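Below is one structure, written out as structure tokens; the observations come after it.
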Amino acid sequence: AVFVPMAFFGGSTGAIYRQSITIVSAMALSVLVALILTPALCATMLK
Amino acid sequence: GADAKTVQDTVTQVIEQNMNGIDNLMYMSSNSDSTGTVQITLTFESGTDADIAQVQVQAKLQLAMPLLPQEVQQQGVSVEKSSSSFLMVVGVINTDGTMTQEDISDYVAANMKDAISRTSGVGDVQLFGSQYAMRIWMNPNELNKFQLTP
Amino acid sequence: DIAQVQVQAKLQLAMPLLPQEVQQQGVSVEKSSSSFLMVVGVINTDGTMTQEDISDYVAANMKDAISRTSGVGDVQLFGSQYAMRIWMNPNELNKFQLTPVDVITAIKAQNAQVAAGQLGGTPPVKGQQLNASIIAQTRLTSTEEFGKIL
Amino acid sequence: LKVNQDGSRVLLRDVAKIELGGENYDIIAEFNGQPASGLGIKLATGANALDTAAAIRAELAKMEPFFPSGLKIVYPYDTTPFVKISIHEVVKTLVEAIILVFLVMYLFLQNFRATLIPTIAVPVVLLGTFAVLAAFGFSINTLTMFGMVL
Amino acid sequence: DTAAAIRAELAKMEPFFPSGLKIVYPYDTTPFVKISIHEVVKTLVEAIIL
Amino acid sequence: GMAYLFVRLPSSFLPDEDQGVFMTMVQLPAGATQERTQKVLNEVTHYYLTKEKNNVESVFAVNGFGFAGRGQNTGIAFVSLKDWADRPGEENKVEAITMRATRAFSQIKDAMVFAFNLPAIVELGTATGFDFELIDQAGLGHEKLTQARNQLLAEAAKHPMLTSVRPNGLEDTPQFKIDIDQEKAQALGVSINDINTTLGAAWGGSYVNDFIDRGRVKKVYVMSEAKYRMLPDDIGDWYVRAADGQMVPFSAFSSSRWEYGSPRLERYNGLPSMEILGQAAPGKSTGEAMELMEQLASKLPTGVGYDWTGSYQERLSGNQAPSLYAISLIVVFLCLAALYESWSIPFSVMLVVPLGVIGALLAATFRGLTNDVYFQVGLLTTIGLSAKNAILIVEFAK
Amino acid sequence: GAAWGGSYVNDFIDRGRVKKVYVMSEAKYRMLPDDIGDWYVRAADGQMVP
Ligand SMILES: O=C(O)c1cn(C2CC2)c2cc(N3CCNCC3)c(F)cc2c1=O
Ligand SMILES: O=C(O)c1cn(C2CC2)c2cc(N3CCNCC3)c(F)cc2c1=O
């Protein structure tokens, strides 16, 4: 919500402060990838 | 042929007091040149569906076609999706068997223009020249010589 | 939005089989709601005018704007827009040997806009200096000019 | 046209010149001072742009073989290759942001496998984000590609 | 919302009226809506108070 | 500092980039011909070929078609720049190319030629720019509206933290009216139908009927050899036929005289109107310019209102930016409490904000960039990276 | 038709706006049955006919 509030758009600048969302999807996928997986790989193999 | 004032109230105005009862509309603007050409823009809200907004507009012009000259009815009336700007501009020239800026303009509009404009959702196509036509240049001295008119 | 269009794209296939009186009159396909909501009355107080002077000003400034604004279905004028009205006397018609067919022909000739061409266009002689639009018959403007039709 | 008294015939050519030429002489173009026409296509208010321009080549490509001697296509004013630069100088930028990061991970941790786990934790996230924009309506835009870099 | 924008165009028209021309408002639905909110959200508030 | 380095930092919307493709338009004065404007488009092609071979791959001039509208008074060359690799410096990039192109066309010419950049965007969002429009609301005419707009453009240029203003659509050129005295016509026996299709189908042309050339149905047009329709005196060369079998010249019933009109009648929203295309001052910025043009419109005569065509409906660093940022705080605090529990934790992360911002403003204000879209999103990426770094400082320590 | 019922002839311009021109009759020559014979059409041979 630094991002999506700003992605509530206004007029001809519609898809401009909008497509955040592109970058919130990116945030929640990096959270996902990190809540899953990174846990795995880190354990699986490191030193 | 029509001058700027002629088109202003024989075509332009007639359509403008018959461009109502339409869903979504911010404003309407217009031009009326001395070259006998009128063009109205009905701008809608942000992403109003252009597939239906185009239709509503051109199903309202139809109620005012009978109140225009028969010259304008048989000429090209149109309601199209606009994007004030070009993108692809395919030039066409000759190299070996050289031809004119008129021979080339006809071949463009009699083989490849009609295909382009219908292909992959093109808004409108502007010919950079003119399609051929049986042109007749009346001489008024050889018209009075046999007692005749156009 | 689409049910209106389908209906008015079907009426169009039957417009040529109607009288030319009905074609040049107002045909319409509109979204209905058997009932009014806002009914803006219009009157005069100080510089008093009639129930006819007010009805024209309503339909020649503010009616066309209302009906296109914020999705209005249809607008019903409570009066009538002005029109060059002509009340033919049949006694002063037989007195000069005439009919309403001769009156009608005189208005579709003297009251008209003609599309004359233009000096200097369209394909000129290479070396012309000027290019202006020719004006011709202009549509009449006032009650006096309609009185002076021959 | 006529048969004058003595059995003489007035023909259409006897009063007027007759040549096959364009229906409008108002505009004529020149490709580097060489006589030329062309199709100046404009977009359709929602169309897919570079997909639409790819299919402008579709029809155009089937037209090329049946050209008179000399007729050749040329390409001024073209948007297409600007898109090819905004991908190959963004997905290249993408790749440099790994390459450089890869070093920072080695600099701080000499363990190789350690400089790897984060190098897989972003290529995957990139792709998952492509699958959400496709599912929501958006496209690979100049804007949404800059959001893969930020 | 449509009736609010009937005032939108109408408001820009008022200033350029001839001497005497004035707008009046018979048969109007708008204020019935203003009563069905201010006598419902008021009712709302009384249902707490009580 | 974070304030001062932000208020003073100017506001744009989006960069006007080199797009490998720009163009330039032509415009001639009152009543010029096709031969005249072709001379100007020729001189334009030479700057782009003879004086610019390194940077220009091609040119595509078009006689008598401006992007204003149409007529033999106009033109447009579509430029296609050589690829980006062969153009090395800032010298050989659109900003620089269109700079010395405009200078060359203003120096060795006597018409009106420019060379505008290629936005991207659309026509709108010029920034420090507006589009006014002047309406005839009452029952005035063209002559009374024209005079009112002259007063609006003059009051603008007689008390400007200034302003620049430009019509350039109406120009205002003469017209050749032909009064056909109707009593003179029907006396000698000519129909007014016959006369109108003589003047109309000779000078202006007339679409008669369709034919077939080489399979495809095209049109048949009827007009005249060019030389019998160039000047005023060739009207009398045409002879109409009257009832009684004899010929009758145009000079018999017609009457020649000139008259001032306009080759571009525009109308906004069912009413006559004329466009005003002023850009805001280099000092002021839009909101100020528009409101100091509104009090000029109310000082004008009766039956003369206005309406803003039409840019925009509500802007971005203007109004919008606030409301969004506003809520963006409102949540940031809420959710920093959904995992934290206090009235102290959130504040810590909620004043890292300006740490990272004065840095962003420093680089932006320092180099020749500005608060546009790309700056307005690197800002929010940074409050995400500020709370990130911070939250680590907090979480671990708590 | 153009006397009793009226007939839309052609468009003109009043004060800028295009309106209509209508042709009918003074009211008193079209109120009752007997005013039908007041109208005289023209026949080929130049004379009037009721
Ligand atoms: O008019 C337009 O261009 C758009 C209109 N709408 C609203 C529906 C009328 C949109 C709605 C969107 N979202 C609604 C909330 N759920 C996610 C999708 C959207 F992302 C884009 C648009 C437009 O571009
Ligand atoms: O009078 C005119 O026709 C124009 C006037 N101006 C200046 C503003 C008064 C223009 C300015 C332009 N640019 C300014 C610098 N940023 C890019 C846009 C432009 F491209 C075109 C024109 C005109 O056509």
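In the structure tokens, chains take letters A, B, ... by order of appearance, with residues numbered from 1 within each chain and ligands from 1 in the order shown.
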
> Do you know which residues are within 8 Å of ligand 2 using only C-alpha atoms and all ligand atoms? Can you write them as a list in words?
Replying inline: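 Sorted by chain and then by number, the residues are residues 16, 25, 114, 115, 116, 117, 118, 119, 126, 164, 165, 166, 167, 168, 278 and 279 of chain F.
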
File dump, residues just selected, N, CA, C and O atoms, as an mmCIF file, in the first residue's frame:
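Below you can see part-v7.cif, which holds the result:
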data_model
loop_
_atom_site.group_PDB
_atom_site.id
_atom_site.type_symbol
_atom_site.label_atom_id
_atom_site.label_comp_id
_atom_site.auth_asym_id
_atom_site.auth_seq_id
_atom_site.Cartn_x
_atom_site.Cartn_y
_atom_site.Cartn_z
ATOM 1 N N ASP F 16 9.928 13.708 -23.633
ATOM 2 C CA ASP F 16 9.813 13.766 -25.091
ATOM 3 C C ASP F 16 11.086 13.164 -25.684
ATOM 4 O O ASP F 16 12.121 13.828 -25.766
ATOM 5 N N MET F 25 6.024 20.371 -40.280
ATOM 6 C CA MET F 25 4.853 20.808 -41.045
ATOM 7 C C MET F 25 5.025 22.182 -41.695
ATOM 8 O O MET F 25 5.843 22.995 -41.260
ATOM 9 N N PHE F 114 8.034 24.721 -39.169
ATOM 10 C CA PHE F 114 8.553 24.387 -37.844
ATOM 11 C C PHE F 114 9.389 23.097 -37.906
ATOM 12 O O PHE F 114 10.374 23.048 -38.644
ATOM 13 N N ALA F 115 8.977 22.068 -37.159
ATOM 14 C CA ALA F 115 9.720 20.817 -36.949
ATOM 15 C C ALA F 115 9.562 20.424 -35.485
ATOM 16 O O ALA F 115 10.465 20.628 -34.672
ATOM 17 N N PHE F 116 8.398 19.868 -35.159
ATOM 18 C CA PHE F 116 8.071 19.519 -33.778
ATOM 19 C C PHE F 116 8.623 18.145 -33.415
ATOM 20 O O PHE F 116 8.851 17.304 -34.289
ATOM 21 N N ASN F 117 8.829 17.932 -32.116
ATOM 22 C CA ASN F 117 9.305 16.641 -31.609
ATOM 23 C C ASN F 117 8.208 15.583 -31.733
ATOM 24 O O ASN F 117 7.094 15.884 -32.163
ATOM 25 N N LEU F 118 8.530 14.347 -31.358
ATOM 26 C CA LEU F 118 7.588 13.234 -31.452
ATOM 27 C C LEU F 118 7.227 12.735 -30.044
ATOM 28 O O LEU F 118 7.865 11.815 -29.522
ATOM 29 N N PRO F 119 6.213 13.355 -29.431
ATOM 30 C CA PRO F 119 5.821 13.066 -28.045
ATOM 31 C C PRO F 119 5.941 11.613 -27.579
ATOM 32 O O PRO F 119 6.692 11.350 -26.638
ATOM 33 N N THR F 126 1.077 18.318 -22.354
ATOM 34 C CA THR F 126 2.282 19.055 -22.731
ATOM 35 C C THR F 126 2.996 19.575 -21.483
ATOM 36 O O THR F 126 4.220 19.718 -21.483
ATOM 37 N N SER F 164 2.296 32.664 -23.406
ATOM 38 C CA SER F 164 2.337 32.684 -24.870
ATOM 39 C C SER F 164 1.019 32.130 -25.415
ATOM 40 O O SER F 164 0.522 31.122 -24.916
ATOM 41 N N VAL F 165 0.462 32.788 -26.432
ATOM 42 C CA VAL F 165 -0.868 32.442 -26.956
ATOM 43 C C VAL F 165 -0.917 32.475 -28.491
ATOM 44 O O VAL F 165 -0.316 33.352 -29.119
ATOM 45 N N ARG F 166 -1.644 31.522 -29.082
ATOM 46 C CA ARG F 166 -1.630 31.316 -30.535
ATOM 47 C C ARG F 166 -2.926 30.688 -31.088
ATOM 48 O O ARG F 166 -3.278 29.572 -30.709
ATOM 49 N N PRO F 167 -3.635 31.392 -31.974
ATOM 50 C CA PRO F 167 -4.765 30.794 -32.706
ATOM 51 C C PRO F 167 -4.334 29.848 -33.850
ATOM 52 O O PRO F 167 -4.441 28.628 -33.676
ATOM 53 N N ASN F 168 -3.882 30.409 -34.982
ATOM 54 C CA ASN F 168 -3.349 29.657 -36.135
ATOM 55 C C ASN F 168 -4.214 28.512 -36.697
ATOM 56 O O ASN F 168 -3.697 27.474 -37.120
ATOM 57 N N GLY F 278 -2.868 28.650 -26.207
ATOM 58 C CA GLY F 278 -1.761 29.192 -25.442
ATOM 59 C C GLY F 278 -1.121 28.163 -24.531
ATOM 60 O O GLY F 278 -1.810 27.332 -23.945
ATOM 61 N N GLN F 279 0.208 28.201 -24.444
ATOM 62 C CA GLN F 279 0.948 27.426 -23.455
ATOM 63 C C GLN F 279 1.203 28.317 -22.245
ATOM 64 O O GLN F 279 1.402 29.525 -22.390
#

> Hey, which residues come within 10 Å of ligand 1 if we count only C-alpha atoms and all ligand atoms? Could you give them as number ranges by chain?
Replying inline: A: 7-9, 11-12, 14-15, 18-19, 21; B: 44-49; D: 46, 133, 136-138

Could you turn the residues from that selection into a file that holds N, CA and C atoms, as a PDB file, in the first residue's frame?
ATOM      1  N   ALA A   7      -1.973   3.182  -7.417  1.00  0.00           N
ATOM      2  CA  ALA A   7      -2.586   2.482  -8.547  1.00  0.00           C
ATOM      3  C   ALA A   7      -4.119   2.460  -8.490  1.00  0.00           C
ATOM      4  N   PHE A   8      -4.730   3.580  -8.106  1.00  0.00           N
ATOM      5  CA  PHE A   8      -6.182   3.750  -8.219  1.00  0.00           C
ATOM      6  C   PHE A   8      -6.536   4.744  -9.334  1.00  0.00           C
ATOM      7  N   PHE A   9      -5.510   5.142 -10.094  1.00  0.00           N
ATOM      8  CA  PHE A   9      -5.610   5.944 -11.327  1.00  0.00           C
ATOM      9  C   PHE A   9      -6.553   7.163 -11.362  1.00  0.00           C
ATOM     10  N   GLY A  11      -7.922   9.377 -14.878  1.00  0.00           N
ATOM     11  CA  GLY A  11      -8.016   9.973 -16.203  1.00  0.00           C
ATOM     12  C   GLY A  11      -7.004   9.447 -17.213  1.00  0.00           C
ATOM     13  N   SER A  12      -6.661  10.304 -18.183  1.00  0.00           N
ATOM     14  CA  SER A  12      -5.701   9.970 -19.253  1.00  0.00           C
ATOM     15  C   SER A  12      -4.401   9.341 -18.742  1.00  0.00           C
ATOM     16  N   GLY A  14      -4.196   6.882 -16.876  1.00  0.00           N
ATOM     17  CA  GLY A  14      -4.926   5.734 -16.374  1.00  0.00           C
ATOM     18  C   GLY A  14      -4.001   4.588 -16.044  1.00  0.00           C
ATOM     19  N   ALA A  15      -3.328   4.057 -17.064  1.00  0.00           N
ATOM     20  CA  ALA A  15      -2.420   2.922 -16.895  1.00  0.00           C
ATOM     21  C   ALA A  15      -0.998   3.362 -16.517  1.00  0.00           C
ATOM     22  N   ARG A  18      -0.462   3.084 -12.532  1.00  0.00           N
ATOM     23  CA  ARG A  18      -1.356   1.945 -12.408  1.00  0.00           C
ATOM     24  C   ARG A  18      -0.487   0.699 -12.431  1.00  0.00           C
ATOM     25  N   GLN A  19      -0.470  -0.017 -13.558  1.00  0.00           N
ATOM     26  CA  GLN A  19       0.637  -0.912 -13.927  1.00  0.00           C
ATOM     27  C   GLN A  19       2.000  -0.426 -13.419  1.00  0.00           C
ATOM     28  N   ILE A  21       0.902  -2.509  -9.022  1.00  0.00           N
ATOM     29  CA  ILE A  21       0.295  -3.799  -9.444  1.00  0.00           C
ATOM     30  C   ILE A  21       1.212  -4.784 -10.212  1.00  0.00           C
TER      31      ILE A  21
ATOM     32  N   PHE B  44     -15.539  10.426 -25.553  1.00  0.00           N
ATOM     33  CA  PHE B  44     -16.266   9.756 -24.477  1.00  0.00           C
ATOM     34  C   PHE B  44     -15.414   9.751 -23.206  1.00  0.00           C
ATOM     35  N   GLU B  45     -15.895   9.077 -22.162  1.00  0.00           N
ATOM     36  CA  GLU B  45     -15.149   8.962 -20.904  1.00  0.00           C
ATOM     37  C   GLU B  45     -13.905   8.094 -21.098  1.00  0.00           C
ATOM     38  N   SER B  46     -13.131   7.917 -20.028  1.00  0.00           N
ATOM     39  CA  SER B  46     -11.963   7.040 -20.069  1.00  0.00           C
ATOM     40  C   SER B  46     -12.406   5.600 -20.326  1.00  0.00           C
ATOM     41  N   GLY B  47     -11.738   4.951 -21.280  1.00  0.00           N
ATOM     42  CA  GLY B  47     -12.107   3.632 -21.768  1.00  0.00           C
ATOM     43  C   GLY B  47     -13.585   3.291 -21.805  1.00  0.00           C
ATOM     44  N   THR B  48     -14.385   4.173 -22.397  1.00  0.00           N
ATOM     45  CA  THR B  48     -15.744   3.815 -22.783  1.00  0.00           C
ATOM     46  C   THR B  48     -15.595   2.863 -23.960  1.00  0.00           C
ATOM     47  N   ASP B  49     -16.390   1.795 -23.970  1.00  0.00           N
ATOM     48  CA  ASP B  49     -16.245   0.758 -24.987  1.00  0.00           C
ATOM     49  C   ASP B  49     -16.463   1.360 -26.376  1.00  0.00           C
TER      50      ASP B  49
ATOM     51  N   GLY D  46      -7.801   1.253 -29.452  1.00  0.00           N
ATOM     52  CA  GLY D  46      -7.841   0.042 -28.645  1.00  0.00           C
ATOM     53  C   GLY D  46      -7.098  -1.137 -29.255  1.00  0.00           C
ATOM     54  N   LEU D 133      -0.304 -10.340 -14.952  1.00  0.00           N
ATOM     55  CA  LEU D 133      -0.699  -9.233 -15.831  1.00  0.00           C
ATOM     56  C   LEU D 133      -1.517  -9.747 -17.012  1.00  0.00           C
ATOM     57  N   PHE D 136      -5.022 -10.471 -15.657  1.00  0.00           N
ATOM     58  CA  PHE D 136      -5.788  -9.300 -15.219  1.00  0.00           C
ATOM     59  C   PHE D 136      -6.237  -8.397 -16.373  1.00  0.00           C
ATOM     60  N   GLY D 137      -5.576  -8.502 -17.527  1.00  0.00           N
ATOM     61  CA  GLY D 137      -5.941  -7.721 -18.699  1.00  0.00           C
ATOM     62  C   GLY D 137      -4.799  -6.978 -19.375  1.00  0.00           C
ATOM     63  N   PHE D 138      -3.768  -6.615 -18.611  1.00  0.00           N
ATOM     64  CA  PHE D 138      -2.666  -5.796 -19.137  1.00  0.00           C
ATOM     65  C   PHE D 138      -1.795  -6.557 -20.141  1.00  0.00           C
TER      66      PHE D 138
END

>> Distance cut-off 9 Å, counting only C-alpha atoms - which residues of chain G neighbour chain B? Return them as JSON, numbers by chain.
In response: {"G": [10, 11, 12, 13, 16, 17, 18]}

>> Could you list, as JSON, numbers by chain, every residue within 6 Å of region 25-31 of chain D, counting only C-alpha atoms and ignoring same-chain residues fewer than 6 positions away?
In response: {"B": [129], "C": [122, 123], "D": [37], "F": [59, 60, 61, 62, 63, 64]}

Per residue of chain F within 10 Å of chain D, what are the shortest atom pair and its distance in Å to one decimal, counting only C-alpha atoms, with rows by chain and residue number, as a Markdown table?
| residue | atom | partner | partner_atom | distance |
| --- | --- | --- | --- | --- |
| F:18 | CA | D:82 | CA | 9.9 |
| F:19 | CA | D:82 | CA | 6.7 |
| F:20 | CA | D:82 | CA | 7.3 |
| F:21 | CA | D:77 | CA | 6.0 |
| F:22 | CA | D:77 | CA | 7.8 |
| F:23 | CA | D:77 | CA | 8.7 |
| F:34 | CA | D:26 | CA | 8.0 |
| F:38 | CA | D:28 | CA | 9.8 |
| F:41 | CA | D:30 | CA | 9.6 |
| F:42 | CA | D:33 | CA | 7.8 |
| F:45 | CA | D:32 | CA | 7.1 |
| F:46 | CA | D:32 | CA | 9.2 |
| F:48 | CA | D:32 | CA | 9.6 |
| F:49 | CA | D:32 | CA | 8.2 |
| F:57 | CA | D:76 | CA | 8.5 |
| F:58 | CA | D:76 | CA | 6.6 |
| F:59 | CA | D:32 | CA | 5.3 |
| F:60 | CA | D:31 | CA | 4.7 |
| F:61 | CA | D:30 | CA | 5.4 |
| F:62 | CA | D:29 | CA | 4.2 |
| F:63 | CA | D:27 | CA | 5.3 |
| F:64 | CA | D:27 | CA | 5.2 |
| F:65 | CA | D:27 | CA | 6.7 |
| F:70 | CA | D:26 | CA | 8.8 |
| F:71 | CA | D:26 | CA | 7.0 |
| F:72 | CA | D:26 | CA | 6.5 |
| F:74 | CA | D:27 | CA | 9.7 |
| F:75 | CA | D:27 | CA | 8.9 |
| F:76 | CA | D:29 | CA | 9.3 |
| F:77 | CA | D:30 | CA | 9.0 |
| F:78 | CA | D:77 | CA | 6.3 |
| F:79 | CA | D:77 | CA | 6.4 |
| F:80 | CA | D:76 | CA | 5.3 |
| F:81 | CA | D:77 | CA | 8.7 |
| F:83 | CA | D:81 | CA | 9.8 |
| F:84 | CA | D:85 | CA | 9.8 |
| F:205 | CA | D:23 | CA | 9.8 |
| F:207 | CA | D:23 | CA | 9.4 |
| F:213 | CA | D:20 | CA | 9.4 |
| F:218 | CA | D:23 | CA | 9.2 |
| F:219 | CA | D:23 | CA | 7.5 |
| F:220 | CA | D:23 | CA | 8.1 |
| F:221 | CA | D:23 | CA | 7.0 |
| F:222 | CA | D:23 | CA | 9.9 |
| F:223 | CA | D:16 | CA | 9.9 |
| F:224 | CA | D:16 | CA | 8.0 |
| F:225 | CA | D:17 | CA | 7.5 |
| F:374 | CA | D:146 | CA | 9.2 |
| F:377 | CA | D:150 | CA | 8.9 |
| F:378 | CA | D:150 | CA | 7.6 |
| F:381 | CA | D:150 | CA | 7.6 |

>> Set the distance at 7 Å and use only C-alpha atoms: which residues neighbour region 315-329 of chain F once local chain neighbours fewer than 2 positions away are removed? I'd like the list as a ChimeraX atom specification.
In response: /A:1-2,5-6 /F:313,331-333

How about saving the chosen residues, N, CA, C and O atoms kept, as a compact mmCIF listing (two decimals), in the first residue's frame?
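Written out: selection_15.txt:
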# COMPACT_ATOMS: atom_id res chain seq x y z
N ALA A 1 0.78 -1.23 0.00
CA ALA A 1 0.00 0.00 0.00
C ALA A 1 0.82 1.29 0.00
O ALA A 1 0.30 2.35 0.33
N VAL A 2 2.10 1.20 -0.35
CA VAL A 2 2.77 2.36 -0.95
C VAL A 2 2.30 2.40 -2.40
O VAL A 2 2.14 3.47 -2.99
N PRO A 5 -2.79 1.88 -3.67
CA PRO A 5 -3.41 3.20 -3.52
C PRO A 5 -3.02 4.19 -4.63
O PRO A 5 -3.90 4.88 -5.16
N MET A 6 -1.73 4.27 -4.95
CA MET A 6 -1.26 5.08 -6.07
C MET A 6 -1.73 4.49 -7.41
O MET A 6 -1.87 5.21 -8.40
N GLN F 313 -8.85 15.99 -17.15
CA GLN F 313 -10.02 16.10 -16.26
C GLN F 313 -9.65 16.08 -14.76
O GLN F 313 -10.43 16.57 -13.93
N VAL F 331 -2.39 3.28 5.31
CA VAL F 331 -2.25 1.82 5.37
C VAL F 331 -0.92 1.43 5.98
O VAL F 331 -0.88 0.65 6.93
N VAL F 332 0.18 1.94 5.42
CA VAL F 332 1.53 1.61 5.89
C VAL F 332 1.60 1.51 7.42
O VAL F 332 2.25 0.61 7.95
N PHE F 333 0.93 2.44 8.10
CA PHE F 333 0.84 2.45 9.55
C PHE F 333 -0.02 1.30 10.08
O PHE F 333 0.40 0.58 10.99

> Could you name the residues that touch residue 54 (chain D) at 12 Å or less, counting only C-alpha atoms, but leaving out those on the same chain fewer than 4 positions away, as number ranges by chain?
Replying inline: B: 87-88, 116, 119-122; D: 48-50, 58-61, 78-81

>> Taking 5 positions as the minimum chain separation for residues in the same chain, which residues sit within 9 Å of residue 113 (chain D) when counting only C-alpha atoms? Answer as a list in words.
In response: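 The residues that qualify are residues 45, 46 and 47 of chain A.
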
>> Using only C-alpha atoms, I'd like every residue of chain B that has an atom within 6 Å of chain C; please write them out as a PyMOL selection string.
In response: chain B and resi 1-3+20-21+23+63+66-67

Restricted to N, CA and C atoms, what would the selected residues look like written as an mmCIF file, in the first residue's frame?
data_model
loop_
_atom_site.group_PDB
_atom_site.id
_atom_site.type_symbol
_atom_site.label_atom_id
_atom_site.label_comp_id
_atom_site.auth_asym_id
_atom_site.auth_seq_id
_atom_site.Cartn_x
_atom_site.Cartn_y
_atom_site.Cartn_z
ATOM 1 N N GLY B 1 -16.727 20.832 -53.607
ATOM 2 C CA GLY B 1 -16.883 22.167 -54.158
ATOM 3 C C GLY B 1 -17.332 23.180 -53.119
ATOM 4 N N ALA B 2 -18.247 22.762 -52.244
ATOM 5 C CA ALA B 2 -18.849 23.634 -51.233
ATOM 6 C C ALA B 2 -17.824 24.446 -50.440
ATOM 7 N N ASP B 3 -18.155 25.713 -50.192
ATOM 8 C CA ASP B 3 -17.304 26.607 -49.403
ATOM 9 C C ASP B 3 -17.533 26.378 -47.905
ATOM 10 N N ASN B 20 -27.709 13.203 -30.353
ATOM 11 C CA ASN B 20 -28.136 13.144 -28.956
ATOM 12 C C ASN B 20 -28.701 11.779 -28.570
ATOM 13 N N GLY B 21 -29.002 11.617 -27.284
ATOM 14 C CA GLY B 21 -29.509 10.361 -26.758
ATOM 15 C C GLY B 21 -28.462 9.261 -26.773
ATOM 16 N N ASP B 23 -25.192 7.248 -24.848
ATOM 17 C CA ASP B 23 -24.624 6.904 -23.546
ATOM 18 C C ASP B 23 -23.164 7.343 -23.474
ATOM 19 N N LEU B 63 -30.429 9.165 -38.864
ATOM 20 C CA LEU B 63 -31.722 9.861 -38.788
ATOM 21 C C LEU B 63 -31.653 11.266 -39.402
ATOM 22 N N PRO B 66 -31.178 11.921 -44.640
ATOM 23 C CA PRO B 66 -32.172 12.507 -45.554
ATOM 24 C C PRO B 66 -32.274 14.044 -45.547
ATOM 25 N N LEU B 67 -31.778 14.722 -44.510
ATOM 26 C CA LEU B 67 -31.832 16.189 -44.450
ATOM 27 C C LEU B 67 -30.545 16.854 -44.960
#

>> Could you go through region 205-253 of chain F and tell me which residues DSSP, when run on the backbone, assigns to helix (DSSP H, G or I), listing them as a count of residues only?
In response: 11

>> Counting only C-alpha atoms, a student should be able to say which residues of chain F come within 6 Å of chain C; what is the right answer, written as a list in words?
In response: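 So the contacting residues turn out to be residues 31, 32, 33, 175, 176, 177, 178, 199, 200, 203, 204, 226, 230 and 231 of chain F.
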
>> Among chain G, which residues does DSSP mark as strand (DSSP E) when it is run on the backbone? Keep the chain and numbering as in the structure and answer as a list in words.
In response: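 Filtering chain G to strand (DSSP E) leaves residues 7, 8, 9, 10, 11, 12, 13, 14, 17, 18, 19, 20, 21, 22, 23, 41, 42, 48 and 49 of chain G.
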
Mind writing the picked residues with C-alpha atoms as a PDB file, in the first residue's frame?
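What landed in result09.pdb:
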ATOM      1  CA  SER G   7     -45.541  20.437 -45.741  1.00  0.00           C
ATOM      2  CA  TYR G   8     -41.864  20.483 -44.720  1.00  0.00           C
ATOM      3  CA  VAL G   9     -40.294  22.300 -47.684  1.00  0.00           C
ATOM      4  CA  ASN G  10     -36.672  23.270 -46.998  1.00  0.00           C
ATOM      5  CA  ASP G  11     -34.184  24.387 -44.310  1.00  0.00           C
ATOM      6  CA  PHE G  12     -33.128  27.994 -43.616  1.00  0.00           C
ATOM      7  CA  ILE G  13     -31.024  29.824 -40.979  1.00  0.00           C
ATOM      8  CA  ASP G  14     -32.406  31.973 -38.139  1.00  0.00           C
ATOM      9  CA  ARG G  17     -29.008  27.920 -36.007  1.00  0.00           C
ATOM     10  CA  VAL G  18     -30.515  25.910 -38.889  1.00  0.00           C
ATOM     11  CA  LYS G  19     -34.289  25.546 -38.427  1.00  0.00           C
ATOM     12  CA  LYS G  20     -37.177  24.523 -40.724  1.00  0.00           C
ATOM     13  CA  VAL G  21     -39.476  26.275 -43.210  1.00  0.00           C
ATOM     14  CA  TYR G  22     -43.132  25.188 -43.213  1.00  0.00           C
ATOM     15  CA  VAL G  23     -45.969  26.041 -45.616  1.00  0.00           C
ATOM     16  CA  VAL G  41     -55.619  24.346 -58.721  1.00  0.00           C
ATOM     17  CA  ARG G  42     -54.075  25.181 -62.122  1.00  0.00           C
ATOM     18  CA  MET G  48     -58.130  28.051 -62.770  1.00  0.00           C
ATOM     19  CA  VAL G  49     -60.260  25.166 -61.485  1.00  0.00           C
TER      20      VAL G  49
END

> If we count only C-alpha atoms, what is near residue 3 (chain A) at a cut-off of 7 Å, once residues fewer than 4 positions away on the same chain are taken out, given as a list in words?
Replying inline: residues 7, 20 and 24 of chain A; 380 of chain F

Would you write out those residues with C-alpha atoms, as a PDB file, in the first residue's frame?
ATOM      1  CA  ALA A   7      -2.586   2.482  -8.547  1.00  0.00           C
ATOM      2  CA  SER A  20       2.434  -0.532  -9.219  1.00  0.00           C
ATOM      3  CA  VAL A  24       2.929  -5.593  -6.193  1.00  0.00           C
TER       4      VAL A  24
ATOM      5  CA  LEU F 380       7.412   4.806  -3.894  1.00  0.00           C
TER       6      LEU F 380
END
